[PDB]
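Heads up: the sequence shown runs through residues 12 to 78, numbered per the working numbering.
Ideal placement from N, C-alpha and C gives every residue a C-beta, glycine not left out.
Reviewing the structure listed below.
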Amino acid sequence: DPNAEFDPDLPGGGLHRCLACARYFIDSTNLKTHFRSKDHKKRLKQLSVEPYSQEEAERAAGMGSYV
Ligand SMILES: [Zn+2]
């Protein structure tokens, strides 16, 4: 199909998926918000899907900026 790097049937063009869920998300933000389930990534660690997942190898726990 002319001009379509994405798929028009799949949410998010089928380009944003959680492989562990086989679900297609409309946007990467929606997809990444989906991994905010700690138990999921826990299962991922057990299954060996992705060792060191989000909130661990990508954490919002820092920011050491003083004047
Ligand atoms: Zn998932």
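Asked	Found
Alpha-carbon to alpha-carbon, residue 23 and residue 56	26 Å
Beta-carbon proximity of residue 36 to residue 65, cut-off 7 Å	no
Burial state of residue 53, where buried means 16 or more other Cβ atoms lie within 10 Å	exposed
beta-carbon residue 31 near ligand 1 non-hydrogen atom, thresh 6 Å	yes
Sequence-distant residues of the same chain with beta carbon closer than 7 Å to residue 21, five excluded per side	35
Other residues of its chain near residue 13: CB distance less than 8 Å, five sequence neighbours each side excluded	none
Cβ-based burial, residue 30 [other Cβ within 10 Å; buried from 16]	exposed
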